[PDB]
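Take a look at the structure below.
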Amino acid sequence: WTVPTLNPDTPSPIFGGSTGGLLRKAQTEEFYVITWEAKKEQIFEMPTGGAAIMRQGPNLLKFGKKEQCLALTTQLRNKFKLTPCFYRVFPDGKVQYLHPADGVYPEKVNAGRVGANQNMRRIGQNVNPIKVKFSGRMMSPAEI
Amino acid sequence: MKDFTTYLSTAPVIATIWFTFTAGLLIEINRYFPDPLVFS
Amino acid sequence: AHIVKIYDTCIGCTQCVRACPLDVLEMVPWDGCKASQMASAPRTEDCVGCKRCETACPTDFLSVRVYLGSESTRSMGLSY
Amino acid sequence: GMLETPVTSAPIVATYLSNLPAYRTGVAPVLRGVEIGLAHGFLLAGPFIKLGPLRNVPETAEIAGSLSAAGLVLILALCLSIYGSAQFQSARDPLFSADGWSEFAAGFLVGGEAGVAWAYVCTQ
Amino acid sequence: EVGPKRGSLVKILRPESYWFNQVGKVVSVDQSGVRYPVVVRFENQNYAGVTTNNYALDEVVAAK
Amino acid sequence: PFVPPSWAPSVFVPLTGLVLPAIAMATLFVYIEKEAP
Amino acid sequence: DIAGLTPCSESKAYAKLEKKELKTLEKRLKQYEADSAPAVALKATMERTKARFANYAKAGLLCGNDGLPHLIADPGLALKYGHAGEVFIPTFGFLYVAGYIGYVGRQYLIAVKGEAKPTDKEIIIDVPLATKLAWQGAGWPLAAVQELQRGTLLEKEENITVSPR
Amino acid sequence: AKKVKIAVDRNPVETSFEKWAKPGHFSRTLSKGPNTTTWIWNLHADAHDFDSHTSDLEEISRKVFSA
């Protein structure tokens, strides 16, 4: 498996538009693109409101925040048995592939993943806040 | 009949009967011993 | 960004990963539990702090914990 | 993606907006403020003159109403000045720049005060 | 061989557990050397609605 | 000598109610939107 | 008398209050005929009112300047001056009934915790069991002391859940 | 075109006091009995939410009509 490359030419689902879509943040900060392959034309629900028709084959939609792309991913995966992926697109044209991060969806354990933010103790074994006082900022005993 | 008497043993029904009885006892005492403020 | 930590009481049931609406968590190989897998929090810059993961965790007390931290556009969930 | 309506996308509407000094690029920012200042300064005297605390006084009403409108123009000019200071700290239209907005604010003050004065002349 | 017998009663000693100082019934004890092999089931559910949890060998003591 | 002039309220009340608050708000507004290096 | 109060039987305000209350009823009684039902109801109220003021004075209640009975709560003053029936005796009447209710409920709770499904006996009452316990609760003061002396009333600290400290 | 006509089912539900003595029978979640006091409140909040007890539209309609 290798990181896919976004194709901006991909056609988008049939949709008449709405007032729930992108704002000035997309022009200045970042936006998100989700793509998937559809087996047939089918009506699905937009996370921004309304019904859209996915074209047979490649599809492409743009969203304002990451949660919107993953919300549609959950719908497509569970209700239609599809395998979408999405990216983060910066105003200068840079594209950052996001999901699934390593080609395998996170709920399925995969080799080569390195644990992060794992504490080798129980919650009840955290130290008292007095022991981390005056550490340079506000920090919980769970941060050590 | 077993099931019906089981229904009558549910909390709301028992509470209704018990409080109806308790209220009746308190009302009837005040009917025959009106305006009690002290014990003599 | 919020702070998400996984503790060694995890049973590797995967329910926190399935419940995360932001894809913050994932399952990695482990040897400390029967399932031989542990939850991980590699992408905490995207955590919004909803705590759906904590709601999904079966262990007592929790094995995944969210500590709300500094607020950015991502953590605040803004689309503008 | 976006919802297009006759109000949002119409030929008559679009042409009218482009003619307004706010959207008329290629014009010096100071001139933009003066034209915008004159329009707003003239109308502002109306409500103060007809509904102020001295409205019923025969001749003082015109002076007080226009004089109060002039004070509101000064406050508005100060609001423009600080807005430019905050918004522009670090492009095609010179108006949206630190130097351009300052000139635009200055024009609004001169135009606004003149508009108030012109309104007073019309009354008397 | 390791841990209490299946079906026996144990007392929970984990302070942050909902069932601390309460009694549960042993379901099974993993022999694979996991951190928390003892599985205990309780009559009363915790605030999350769960009635079973895993504990270490030293976090359970025979009831009574 | 301590007695202020009879006209002091006419000046100080507008000064502390309209003028100084206006300067304080303007000064604070620019300060809270200023961008650090 | 106690705390500057005076007996209601000797209080002018107390006597005046009764006249006003009866006077109010008498005014209403004028507009009705002698045998009509409203007249019978009003006169019955008047008889109850006169009995009430007669009984309270007979009981020896102390009246304030307002002419209203005032109760005495200190056991020493109440027992010294014959006011024990105002607060002191009613005190032990309540505590007997209240403990009766509490003790009977506690017995039922303990009895059903040995059943297969204790929670089912709390929403569907075991009326035969509840009835038996209700009758036996008349001796709760004796039963409660014996449990206190036997060390069975209270549970041991090692069996009570607490939060971390 | 479907003819407009009367159409019923004979004896769909037996008349019995058995379910009166089984609180929460109507719901799959609550029929197992209480473990906490929240069960008691849930019993009453869900009592008339017919469509949350089943997906059959016919079953819902009959309950509405007799209610």
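For reference, chains read A, B, C, D, E, F, G and H in written order, and residue numbers begin at 1 within each chain.
Just so we're on the same page, contacts are C-beta pairs under 8 Å (C-beta built on N, C-alpha and C of every residue); 3 or more make two chains touch, one makes a residue touch a chain.
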Per-chain Cα centre nearest the global Cα centre, belonging to chain: C
Cα-centroid distance, chain C relative to chain F, in whole angstrom: 51
Geometric centre distance via CA averages, chain H-chain C, whole Å: 39
Rounded Å distance, chain B centre to chain D centre (Cα mean): 79
For chain E paired with chain F, centre-to-centre distance based on mean C-alpha positions, whole Å: 69
For chain E, residues contacting two or more additional chains: 15-16, 18-19
Multi-chain contact residues (two or more partners), chain B: 6, 10
Multi-chain contact residues (two or more partners), chain G: 122-124, 164
Pairwise chain contacts under the document criterion: A-C, A-D, A-E, B-G, B-H, C-E, D-F, E-G, E-H, G-H
Complex contact set, residues of chain C against chain A: 3-9, 12, 14, 17-18, 21-23, 25-30, 37-38, 40-44, 46, 48, 61-62, 65, 67, 73-74, 77-80
Chain E-touching residues of chain H, taken from the complex the two chains share: 35-36
Chain D residues touching chain A - in the complex, by the definition given at the top: 1-4
Contact set on chain G toward chain H in their complex: 117, 119-120, 122-124
Partner chain D, residues of chain A touching it in the complex: 15-19, 21-22, 62
